[PDB]
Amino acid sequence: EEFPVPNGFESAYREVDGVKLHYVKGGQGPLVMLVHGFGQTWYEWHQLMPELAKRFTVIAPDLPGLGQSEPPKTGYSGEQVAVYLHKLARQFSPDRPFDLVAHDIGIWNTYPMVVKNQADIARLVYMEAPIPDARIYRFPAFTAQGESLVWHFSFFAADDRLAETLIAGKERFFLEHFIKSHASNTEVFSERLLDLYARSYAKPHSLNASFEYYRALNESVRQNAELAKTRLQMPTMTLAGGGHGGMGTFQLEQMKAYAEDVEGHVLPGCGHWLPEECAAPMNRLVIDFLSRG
């Protein structure tokens, strides 16, 4: 195990379309799937899972190629990866809709499943990432405060494995910078926590998988230009950080173009990493929203 599993939960694997996916699962009741993003694994949910599993069955997979999950066999575009996550969730909730919570590139890798299988998704929570569309081409490369929060899109998408070549052997240093520069509340990223995430992403296939998501980003944008012709109809909630590193008001504003029924919150004093930087208010908002079902 790359990360400690919380009490009452089990680490397990399921093959989906030939790809072995790792997940952690616990609880009883209707299913909620929690999907992590870049720089992290299922473990970013380890503080939400205890309370959430008192009311729901909770499954937190590792994205293909990240954590302990095998890379995808089709590709890394959102529409390709969403197939794996959808079939995984439906293995555990085949006759009933399930809930979805996603963070960062977890959004990219689930939005196509949601729009294409709307009857399978009871309620939806998206936090801290743009849905891939042309609005991402407007984020600035550089700012009057210096280093921007989005230059990594181009670094990671660069050809000839530029990012792996520079970061290999320096994974712990790079990840600490990347995480803390996107955070308002940096203290929660302890030495030990950063060691655990660094060791996981330092696996050569996971370092490369990480950046293949960004190398498929423009393909995902083109896919979503067609998919977004159907608006989402299920109750949705967006969360974004209001501090340094977060999406601020962009998150809810963009989602209004995708979802008929959306409520949004901007969490003060939090950056990009909501489950770790403000576990307490984020957990309450998510649990309350999902418990309306």
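Start at 1 and count along the sequence shown; that's the residue number.
A.B. asks: Can you tell me which stretch has the higher mean Cα B-factor, 228 to 236 or 38 to 46?
C.D. replies: Stretch with the greater average CA B-factor: 228 to 236.
A.B. asks: Is the mean CA B factor in the deposited entry higher across 87 to 95 or across 123 to 131?
C.D. replies: Mean C-alpha B-factor is greater for 87 to 95.
A.B. asks: Sorting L66, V262, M33, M247 by Cα temperature factor from the record, which one lands on top?
C.D. replies: Largest recorded C-alpha B-factor: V262.
A.B. asks: From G169, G78, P140, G106, which pick has the Cα B-factor that tops the rest in the entry?
C.D. replies: That would be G169, according to the entry.
A.B. asks: For the chain shown, is the CA B-factor of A53 in the lowest, middle or highest third of its modelled residues?
C.D. replies: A53: CA B-factor falls in the highest third of its chain.
A.B. asks: Going by the CA temperature factor in the PDB record, which third of the chain does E212 belong to: lowest, middle or highest?
C.D. replies: For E212, whose C-alpha B-factor we compare with every modelled residue in the chain, the answer is the lowest third.
A.B. asks: Of the three thirds of its chain by CA temperature factor, lowest, middle or highest, which one includes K20?
C.D. replies: Its C-alpha B-factor belongs to the middle third of this chain's values.
A.B. asks: Split the chain's modelled residues into thirds by Cα B-factor; is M113 in the lowest, middle or highest one?
C.D. replies: For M113, the deposited C-alpha B-factor lands in the highest third.
A.B. asks: Lowest, middle or highest third: where is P268 by C-alpha B factor in its chain?
C.D. replies: Highest third, going by the recorded CA B-factors of the chain.
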